[PDB]
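One structure is given here, and the rest of the page talks about it.
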Number of protein chains: 2
Amino acid sequence: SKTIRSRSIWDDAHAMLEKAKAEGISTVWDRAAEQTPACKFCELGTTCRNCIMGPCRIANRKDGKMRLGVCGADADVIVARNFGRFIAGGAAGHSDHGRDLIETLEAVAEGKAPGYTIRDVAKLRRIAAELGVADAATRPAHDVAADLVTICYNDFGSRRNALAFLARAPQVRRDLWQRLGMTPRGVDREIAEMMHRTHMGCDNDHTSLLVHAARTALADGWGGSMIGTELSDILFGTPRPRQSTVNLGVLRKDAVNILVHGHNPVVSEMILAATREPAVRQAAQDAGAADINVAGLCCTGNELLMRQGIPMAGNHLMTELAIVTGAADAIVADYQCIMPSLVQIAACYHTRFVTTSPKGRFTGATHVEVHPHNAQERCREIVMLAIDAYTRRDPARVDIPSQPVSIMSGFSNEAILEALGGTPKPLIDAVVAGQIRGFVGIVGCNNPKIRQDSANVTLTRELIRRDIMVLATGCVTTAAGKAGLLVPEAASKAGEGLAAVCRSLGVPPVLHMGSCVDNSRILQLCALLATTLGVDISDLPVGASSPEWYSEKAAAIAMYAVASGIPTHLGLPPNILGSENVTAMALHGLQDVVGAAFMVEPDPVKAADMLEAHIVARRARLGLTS
Amino acid sequence: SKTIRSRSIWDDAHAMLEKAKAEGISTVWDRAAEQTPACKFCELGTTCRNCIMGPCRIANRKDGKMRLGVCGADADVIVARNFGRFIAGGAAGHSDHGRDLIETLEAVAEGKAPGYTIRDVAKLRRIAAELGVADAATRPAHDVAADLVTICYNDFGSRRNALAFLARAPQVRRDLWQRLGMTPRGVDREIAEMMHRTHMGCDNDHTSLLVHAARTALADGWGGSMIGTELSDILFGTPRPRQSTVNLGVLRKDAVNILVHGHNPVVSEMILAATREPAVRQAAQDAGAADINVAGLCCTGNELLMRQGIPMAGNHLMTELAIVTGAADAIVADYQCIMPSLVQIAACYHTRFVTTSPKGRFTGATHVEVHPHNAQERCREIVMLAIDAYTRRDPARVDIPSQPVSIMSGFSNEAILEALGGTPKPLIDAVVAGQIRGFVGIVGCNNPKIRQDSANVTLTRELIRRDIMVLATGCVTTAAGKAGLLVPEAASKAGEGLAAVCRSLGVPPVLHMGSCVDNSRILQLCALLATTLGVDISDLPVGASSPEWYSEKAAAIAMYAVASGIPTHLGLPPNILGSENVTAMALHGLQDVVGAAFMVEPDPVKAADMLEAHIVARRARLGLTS
Ligand code: SF4
Ligand code: SF4
Ligand code: FES
Ligand SMILES: [Cl-]
Ligand SMILES: [Cl-]
Ligand SMILES: [Cl-]
Ligand SMILES: [Cl-]
Ligand SMILES: [Fe+3]
Ligand SMILES: [Fe+3]
Ligand SMILES: [Mg+2]
Ligand SMILES: [Mg+2]
Ligand SMILES: [Mg+2]
């Protein structure tokens, strides 16, 4: 229908929306329509439920009533506190993610994690040395891992003046954060401090609240997320370029299909390993299947793509539709971004919905809890449940639409530097020559308010045509992949300068740099280029964009990008427009404080113009043309 | 006047409400009226703003529209997540408070805190030995302090299996918490995990969410709060019984009046010291003042009262009225429960409003930031500001409405045990013999929804009449004090059994045990009684009540009491009634899980009946026949 066509740009999404219609299954778009119009105070941010003197709403009434909350707080404070707690929730998602990796590395170092290993010993020794572990180059690997675990845990404590990985940022940027009171000190400490500041009668100054929101977000980007990324590479391997495929057509009628969903590779890597064990494969063959087929959703999907080349079935708004194919024999979830509607949709089929984390509980799910000491045994058990469920698939309701689209994944910073010959000199040369005018990270989600992937795809296409290389993470990965942008032959979609550089290196014009925690790789790349050139991150020809964001996590990434000096575009506004002062600080005031600001623009072509304009202005201050 | 009499039971409040109305000053009661009726969804908890797929509201309609959020979350999940973040904000308040005490003790141990010292060396050595410091009885005090600092900081890290002070709880309770997954592990860690669990698509099971809310609150009561109480006693002295006074009449027309407000004695103790320096007093005399008079508000007032006998001007809803006397020359604020309306009310007079914490910023305040290394110099500057403001005081606008009333304060557990002769045996014997039926801690706030202190005082009177001894903390202290119940002669208002015990010890029937963090003293006392008798806390004839609560901190206290086995009454419901399942768990289901539950009851006589009924049942669980 016209409604279905308006919900997504993709053929596979349309086919499943028609099928969900015929089967009477409601989707995220139907619930979004039920929640429109939204509450006007909630959307503006001018409501507070932080104590039971309230709840309070701030209105503009002719009688002048409801200008203040019961405690006396005005719209500036109420909006800034709501936004601070919103950012803290996003930082906490990445923080707990990093913490789980520390605990997994510790279990490996203690010999208490069967099936887990140090997959990248060289990176372990390099990271440990960088952070100050003595004799990291020569001591037994597990001893070095134990000392690296201690350093990472200290960043989740309360005794540091600055996070360990902050040393990567250029000195000028660290000096600025120190003057501003933005230096992140402890990953959990800043989240806790934000929750204290936002209690009634604590922080009642919108500027101070926004400064701490920046500090809390920096504790994610340079702490929780960066620890998460670097330890994931140590446990599961540093990504290198590899071929794979994307879209609902990666599911196979002839195989047992297991979709992995959520964020943490500690689970999805062990599910993949279980499906490769000979006795498990034989059980699938006895059931009538040709093979076992693992396919990724969302960030845990990105993790398996980066390190194992596992095909990705879809991003956020495809998740329900992947079930509607009728071919999902099990969905294995850990935590974050897993819509609870998936439990009810899975119950419309034979599909098993399996939870694995004590943090990600879903009423009605089959819970098989996974920890380092038992993952090998439990993941074997979960794959066996998938195989059993396959025997009851209803073949009449199977509709796998579309043929999969080829992609190239695996662009860690290590992989980029290797393609360049071991130094950033050829990339710097390309930027100085104007062949590559700048870089934009396009990150984040889908949102049913925006036709799915329409802005993600349009923005990526516009930027590469203007010789701006795109670094893609998170759910943008699937959009760029389905648009044919993630392969070396996509150099033909870029402008003449970027196409030539890509062809000379053999890489695509859009580089998949990983999951949402892997936005930390973009910070590390920026820091390296700034330190190499002797400038600040706020001087580099860079930008960031989340055209279709929805999550608290995406807002935390955008805040840490801005506070690190990267101009950051959002397709939709956070719930802050009820305060002109908070809004003006996010869109304009921060520009002169931290060197960058937020932009809000729902037209992806106009967003391309704004990101390009910031890049051009930064090129001028480096003394470059174009 | 009938409206004014409806707002408070107290003459001093009545007098200042009349003065405020005559002067056009808006109070918390006026703003509460403007915010009534409240938003129905906010009040019920059936609204969510945790992502920009929303905001979402949940209705209960026969057609089933707006039954779910855009992500699919139902009322049970939305309500439980909202209550979880509510609890996390309260735990965070106490956590940051405890953290600041660690940092101050560290500064003393390093020799970098002029004017601070270890005031109670004997308690330092006992606490350090209790928590495992080697040779705590003989090593240099600064070495012992440094080792205790390290233990406390490790509780603010991510490597423990259980908080250090949790060892005080009886083994049976520790075993239950461990099996339930409720054991608190790290003070900041549990807060961060709550914020992770409540992100879209993480924890989507209301039972799981409430269990982690209990774990988060327990990390406060046995962690942040207990650390704060024990280190405050080490740095500033263990409280011992002493007489003082209460009400607005503690302000003096002929003196420079400095009100300390907020929570942290690290500031208020140094303000007090500054007012005693000879040169500062000479400056006050040069201005025409007879004295410099410090008086307390809210929790920091409680702290100075407990350790220094400093008179208390009022509790939460008295704070605006204290400025309306016209005699407040400065308000010196740190953080928490400081209504921002105080800045505007101060600007109606000569009063200086001074902020001292980087966490407690108020737009328009005079900021003089205080840290251990500079407090001596900065507090002197703050007192000079107050003296200058005194020279600007308009005598025509002064109305100090009452004469103060005597109270006894200082009942730390050390003081109680000393009064009992060194052991708890005389108290246990009185309970066994039925002279004291049980104990109730009455804790927490005021709330403009309830006539001020009406339920606090009526519940206190009802309980002592039934031979139930009351332990009072927080803003209830001022209520019981103004009612005349904090003195030994108030035994005449108790039942025959309690009166006889009180008279035999020379103590009041209502024992002031300190500020809100000092509810940790009640946990310690319950744990000692249960350990001595060989039972659980959930077997003791104890209860807790906050008849007039408002804050996230009060909800966290109630939750940690319930989770520790103490039945807890609340005068008003949290914003949870939109979920019958969450409400039933809070009020009934938790009884099976943790051995105690919440009660919600606005009639304080009925609340007394309910607390007494739990006490009767616990006496039967102990086999008592008296
Ligand atoms: S913190 Fe202030 S604005 Fe928020 S609900 Fe409480 S009284 Fe209202
Ligand atoms: S988390 Fe779910 S219920 Fe909450 S605002 Fe987002 S879509 Fe709505
Ligand atoms: S639902 Fe209560 S203000 Fe939006
Ligand atoms: Cl800058
Ligand atoms: Cl810029
Ligand atoms: Cl008296
Ligand atoms: Cl029990
Ligand atoms: Fe994501
Ligand atoms: Fe309090
Ligand atoms: Mg500062
Ligand atoms: Mg400038
Ligand atoms: Mg600039």
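Residue numbers start at 1 in each chain; chains themselves are named A, B, ... in the order of the structure tokens; ligands are numbered from 1 in the order shown.
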
Practice problem: Name each residue within 8 Å of ligand 9, counting only C-alpha atoms and all ligand atoms, as a list in words. | Solution: residues 298, 299, 316, 337, 444, 445, 474, 475, 515, 516, 551, 553 and 554 of chain B

Which neighbours of residue 478 (chain B) fall inside 9 Å, counting only C-alpha atoms, when residues of the same chain fewer than 2 positions from it are skipped, and could you give them as a JSON list (two decimals) with N, CA, C and O atoms, in the first residue's frame?
```json
[["chain", "number", "residue", "atom", "x", "y", "z"],
["B", 246, "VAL", "N", 15.30, 24.16, 68.93],
["B", 246, "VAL", "CA", 14.75, 24.05, 67.58],
["B", 246, "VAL", "C", 13.64, 25.08, 67.39],
["B", 246, "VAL", "O", 12.95, 25.46, 68.34],
["B", 247, "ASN", "N", 13.49, 25.51, 66.13],
["B", 247, "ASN", "CA", 12.44, 26.34, 65.52],
["B", 247, "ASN", "C", 13.00, 27.69, 65.07],
["B", 247, "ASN", "O", 14.20, 27.96, 65.26],
["B", 298, "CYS", "N", 17.71, 21.31, 57.62],
["B", 298, "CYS", "CA", 17.72, 20.00, 56.98],
["B", 298, "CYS", "C", 18.91, 19.15, 57.42],
["B", 298, "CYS", "O", 19.28, 19.15, 58.59],
["B", 302, "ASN", "N", 21.09, 18.80, 60.91],
["B", 302, "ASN", "CA", 21.10, 17.60, 61.74],
["B", 302, "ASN", "C", 22.53, 17.20, 62.12],
["B", 302, "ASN", "O", 22.78, 16.79, 63.27],
["B", 312, "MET", "N", 18.74, 24.02, 65.51],
["B", 312, "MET", "CA", 18.19, 23.74, 64.18],
["B", 312, "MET", "C", 17.02, 24.68, 63.94],
["B", 312, "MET", "O", 16.07, 24.72, 64.73],
["B", 313, "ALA", "N", 17.11, 25.47, 62.87],
["B", 313, "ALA", "CA", 16.05, 26.41, 62.53],
["B", 313, "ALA", "C", 14.82, 25.73, 61.94],
["B", 313, "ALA", "O", 13.70, 26.20, 62.16],
["B", 314, "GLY", "N", 14.99, 24.64, 61.20],
["B", 314, "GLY", "CA", 13.82, 24.02, 60.61],
["B", 314, "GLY", "C", 14.17, 22.90, 59.65],
["B", 314, "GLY", "O", 15.33, 22.61, 59.37],
["B", 315, "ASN", "N", 13.10, 22.27, 59.16],
["B", 315, "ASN", "CA", 13.16, 21.18, 58.20],
["B", 315, "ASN", "C", 12.72, 21.68, 56.82],
["B", 315, "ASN", "O", 12.60, 22.89, 56.60],
["B", 453, "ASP", "N", 4.04, 18.32, 58.96],
["B", 453, "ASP", "CA", 4.37, 17.63, 60.20],
["B", 453, "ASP", "C", 3.17, 17.02, 60.91],
["B", 453, "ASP", "O", 3.35, 16.41, 61.97],
["B", 474, "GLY", "N", 16.51, 12.69, 59.96],
["B", 474, "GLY", "CA", 16.12, 13.59, 58.90],
["B", 474, "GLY", "C", 15.17, 14.68, 59.37],
["B", 474, "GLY", "O", 15.20, 15.14, 60.52],
["B", 475, "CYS", "N", 14.29, 15.09, 58.46],
["B", 475, "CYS", "CA", 13.39, 16.19, 58.75],
["B", 475, "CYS", "C", 12.33, 15.83, 59.78],
["B", 475, "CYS", "O", 11.67, 16.73, 60.30],
["B", 476, "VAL", "N", 12.16, 14.54, 60.10],
["B", 476, "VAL", "CA", 11.29, 14.16, 61.22],
["B", 476, "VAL", "C", 11.85, 14.67, 62.54],
["B", 476, "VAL", "O", 11.10, 14.92, 63.48],
["B", 480, "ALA", "N", 9.48, 16.09, 65.60],
["B", 480, "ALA", "CA", 9.39, 15.57, 66.96],
["B", 480, "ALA", "C", 9.95, 16.55, 67.97],
["B", 480, "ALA", "O", 9.45, 16.63, 69.10],
["B", 481, "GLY", "N", 10.97, 17.33, 67.58],
["B", 481, "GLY", "CA", 11.52, 18.31, 68.51],
["B", 481, "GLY", "C", 10.54, 19.42, 68.85],
["B", 481, "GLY", "O", 10.36, 19.77, 70.02],
["B", 482, "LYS", "N", 9.91, 20.01, 67.83],
["B", 482, "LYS", "CA", 8.94, 21.08, 68.06],
["B", 482, "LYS", "C", 7.72, 20.59, 68.83],
["B", 482, "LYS", "O", 7.08, 21.36, 69.55],
["B", 483, "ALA", "N", 7.38, 19.31, 68.70],
["B", 483, "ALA", "CA", 6.27, 18.72, 69.45],
["B", 483, "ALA", "C", 6.63, 18.40, 70.89],
["B", 483, "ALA", "O", 5.75, 17.93, 71.64]]
```

Exercise. Could you give me, as a ChimeraX atom specification, the residues within 9 Å of residue 231 (chain A), counting only C-alpha atoms and dropping anything in the same chain fewer than 2 positions from it?
Key: /A:98,101-102,105,124,226-229,233-236

Could you list, as an mmCIF file with N, CA, C and O atoms, in the first residue's frame, all the residues within 8 Å of ligand 4, counting only C-alpha atoms and all ligand atoms?
```cif
data_model
loop_
_atom_site.group_PDB
_atom_site.id
_atom_site.type_symbol
_atom_site.label_atom_id
_atom_site.label_comp_id
_atom_site.auth_asym_id
_atom_site.auth_seq_id
_atom_site.Cartn_x
_atom_site.Cartn_y
_atom_site.Cartn_z
ATOM 1 N N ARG A 173 43.614 19.532 23.712
ATOM 2 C CA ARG A 173 42.249 19.142 24.056
ATOM 3 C C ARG A 173 42.141 18.735 25.527
ATOM 4 O O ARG A 173 41.177 19.101 26.211
ATOM 5 N N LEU A 176 42.103 21.861 27.593
ATOM 6 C CA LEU A 176 40.808 22.533 27.523
ATOM 7 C C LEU A 176 39.786 21.854 28.428
ATOM 8 O O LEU A 176 39.087 22.521 29.206
ATOM 9 N N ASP A 536 44.435 20.432 17.315
ATOM 10 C CA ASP A 536 43.341 19.884 18.109
ATOM 11 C C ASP A 536 42.408 19.108 17.191
ATOM 12 O O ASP A 536 42.414 19.280 15.969
ATOM 13 N N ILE A 537 41.606 18.224 17.793
ATOM 14 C CA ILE A 537 40.542 17.570 17.034
ATOM 15 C C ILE A 537 39.588 18.606 16.448
ATOM 16 O O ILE A 537 39.093 18.444 15.323
ATOM 17 N N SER A 538 39.360 19.715 17.168
ATOM 18 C CA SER A 538 38.515 20.808 16.690
ATOM 19 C C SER A 538 39.101 21.551 15.484
ATOM 20 O O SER A 538 38.439 22.461 14.972
ATOM 21 N N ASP A 539 40.305 21.200 15.025
ATOM 22 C CA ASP A 539 40.883 21.767 13.811
ATOM 23 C C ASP A 539 40.812 20.823 12.619
ATOM 24 O O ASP A 539 41.189 21.227 11.511
ATOM 25 N N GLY A 565 35.325 17.944 19.965
ATOM 26 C CA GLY A 565 35.636 18.868 18.897
ATOM 27 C C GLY A 565 35.114 18.503 17.524
ATOM 28 O O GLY A 565 35.579 19.087 16.540
ATOM 29 N N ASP A 592 31.752 27.835 20.660
ATOM 30 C CA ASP A 592 32.875 28.621 21.144
ATOM 31 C C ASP A 592 33.483 28.066 22.425
ATOM 32 O O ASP A 592 34.635 28.391 22.722
ATOM 33 N N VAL A 593 32.768 27.198 23.151
ATOM 34 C CA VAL A 593 33.316 26.599 24.367
ATOM 35 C C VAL A 593 34.207 25.392 24.054
ATOM 36 O O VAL A 593 35.346 25.312 24.530
ATOM 37 N N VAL A 594 33.703 24.422 23.279
ATOM 38 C CA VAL A 594 34.437 23.184 22.995
ATOM 39 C C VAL A 594 34.919 23.087 21.552
ATOM 40 O O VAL A 594 35.597 22.106 21.207
ATOM 41 N N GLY A 595 34.600 24.061 20.699
ATOM 42 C CA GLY A 595 35.063 24.023 19.324
ATOM 43 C C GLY A 595 34.138 23.336 18.347
ATOM 44 O O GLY A 595 34.508 23.180 17.175
ATOM 45 N N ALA A 596 32.955 22.918 18.787
ATOM 46 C CA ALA A 596 31.997 22.215 17.941
ATOM 47 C C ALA A 596 30.635 22.298 18.613
ATOM 48 O O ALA A 596 30.531 22.621 19.797
#
```

Quiz item: Within 12 Å of ligand 5, counting only C-alpha atoms and all ligand atoms: which residues, as a VMD selection string?
Solution: chain A and resid 536 to 544 561 to 569 587 to 599 610 to 621

Restrict the selected residues to N, CA and C atoms and save them as a short mmCIF file (atom, residue, chain, number, x, y, z; two decimals), in the first residue's frame.
```
data_model
loop_
_atom_site.label_atom_id
_atom_site.label_comp_id
_atom_site.auth_asym_id
_atom_site.auth_seq_id
_atom_site.Cartn_x
_atom_site.Cartn_y
_atom_site.Cartn_z
N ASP A 536 44.43 20.43 17.31
CA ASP A 536 43.34 19.88 18.11
C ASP A 536 42.41 19.11 17.19
N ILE A 537 41.61 18.22 17.79
CA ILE A 537 40.54 17.57 17.03
C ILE A 537 39.59 18.61 16.45
N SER A 538 39.36 19.71 17.17
CA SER A 538 38.51 20.81 16.69
C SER A 538 39.10 21.55 15.48
N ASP A 539 40.31 21.20 15.03
CA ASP A 539 40.88 21.77 13.81
C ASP A 539 40.81 20.82 12.62
N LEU A 540 40.40 19.57 12.82
CA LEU A 540 40.46 18.60 11.74
C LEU A 540 39.23 18.72 10.84
N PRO A 541 39.37 18.40 9.56
CA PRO A 541 38.20 18.48 8.64
C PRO A 541 37.32 17.25 8.79
N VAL A 542 36.50 17.25 9.86
CA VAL A 542 35.73 16.08 10.26
C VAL A 542 34.31 16.50 10.64
N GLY A 543 33.43 15.52 10.70
CA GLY A 543 32.07 15.71 11.18
C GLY A 543 31.51 14.36 11.59
N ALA A 544 30.36 14.42 12.26
CA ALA A 544 29.62 13.23 12.68
C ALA A 544 28.15 13.47 12.42
N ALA A 561 31.17 13.26 20.80
CA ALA A 561 31.77 13.77 19.57
C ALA A 561 31.91 15.29 19.65
N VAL A 562 30.81 15.97 20.00
CA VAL A 562 30.82 17.43 20.14
C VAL A 562 31.85 17.88 21.16
N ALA A 563 31.85 17.26 22.35
CA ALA A 563 32.79 17.66 23.39
C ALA A 563 34.23 17.34 23.02
N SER A 564 34.44 16.44 22.05
CA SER A 564 35.79 16.15 21.56
C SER A 564 36.21 17.06 20.41
N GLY A 565 35.32 17.94 19.97
CA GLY A 565 35.64 18.87 18.90
C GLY A 565 35.11 18.50 17.52
N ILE A 566 34.16 17.58 17.42
CA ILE A 566 33.65 17.11 16.13
C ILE A 566 32.25 17.69 15.94
N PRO A 567 32.00 18.49 14.89
CA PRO A 567 30.64 19.00 14.64
C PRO A 567 29.72 17.82 14.37
N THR A 568 28.54 17.81 15.01
CA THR A 568 27.70 16.61 14.99
C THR A 568 26.27 16.95 14.59
N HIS A 569 25.79 16.29 13.54
CA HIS A 569 24.44 16.48 13.01
C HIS A 569 23.51 15.41 13.56
N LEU A 587 23.17 24.15 20.21
CA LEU A 587 23.33 24.45 18.79
C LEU A 587 24.33 25.56 18.48
N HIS A 588 24.67 26.40 19.45
CA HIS A 588 25.49 27.57 19.17
C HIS A 588 26.52 27.82 20.26
N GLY A 589 26.08 27.81 21.52
CA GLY A 589 26.98 28.16 22.61
C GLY A 589 28.18 27.23 22.71
N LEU A 590 27.97 25.92 22.56
CA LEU A 590 29.08 24.98 22.67
C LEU A 590 30.15 25.23 21.62
N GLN A 591 29.78 25.82 20.48
CA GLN A 591 30.73 26.03 19.40
C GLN A 591 31.96 26.79 19.87
N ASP A 592 31.75 27.84 20.66
CA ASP A 592 32.87 28.62 21.14
C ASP A 592 33.48 28.07 22.42
N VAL A 593 32.77 27.20 23.15
CA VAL A 593 33.32 26.60 24.37
C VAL A 593 34.21 25.39 24.05
N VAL A 594 33.70 24.42 23.28
CA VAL A 594 34.44 23.18 22.99
C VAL A 594 34.92 23.09 21.55
N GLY A 595 34.60 24.06 20.70
CA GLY A 595 35.06 24.02 19.32
C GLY A 595 34.14 23.34 18.35
N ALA A 596 32.95 22.92 18.79
CA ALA A 596 32.00 22.21 17.94
C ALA A 596 30.64 22.30 18.61
N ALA A 597 29.59 22.00 17.84
CA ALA A 597 28.23 22.10 18.35
C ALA A 597 27.36 21.06 17.65
N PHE A 598 26.14 20.91 18.16
CA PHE A 598 25.11 20.11 17.52
C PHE A 598 24.45 20.89 16.39
N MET A 599 23.97 20.16 15.38
CA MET A 599 23.11 20.67 14.32
C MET A 599 21.90 19.76 14.24
N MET A 610 25.55 21.41 5.37
CA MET A 610 26.06 21.93 6.64
C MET A 610 27.34 21.22 7.07
N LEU A 611 27.38 19.90 6.93
CA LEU A 611 28.60 19.17 7.29
C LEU A 611 29.75 19.57 6.37
N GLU A 612 29.48 19.66 5.07
CA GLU A 612 30.49 20.13 4.12
C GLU A 612 30.97 21.54 4.48
N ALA A 613 30.05 22.44 4.84
CA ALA A 613 30.45 23.81 5.15
C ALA A 613 31.38 23.87 6.36
N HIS A 614 31.12 23.05 7.38
CA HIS A 614 32.04 23.01 8.53
C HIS A 614 33.40 22.47 8.11
N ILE A 615 33.41 21.43 7.27
CA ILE A 615 34.67 20.89 6.77
C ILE A 615 35.45 21.94 5.99
N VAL A 616 34.78 22.69 5.11
CA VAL A 616 35.45 23.72 4.32
C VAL A 616 36.05 24.78 5.22
N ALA A 617 35.31 25.19 6.26
CA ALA A 617 35.83 26.21 7.17
C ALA A 617 37.06 25.70 7.91
N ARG A 618 37.06 24.42 8.30
CA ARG A 618 38.23 23.89 8.99
C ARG A 618 39.41 23.73 8.04
N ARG A 619 39.15 23.38 6.78
CA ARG A 619 40.24 23.30 5.82
C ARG A 619 40.92 24.65 5.67
N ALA A 620 40.13 25.73 5.65
CA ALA A 620 40.71 27.06 5.50
C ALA A 620 41.66 27.38 6.64
N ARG A 621 41.27 27.05 7.88
CA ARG A 621 42.13 27.31 9.03
C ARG A 621 43.33 26.38 9.11
#
```
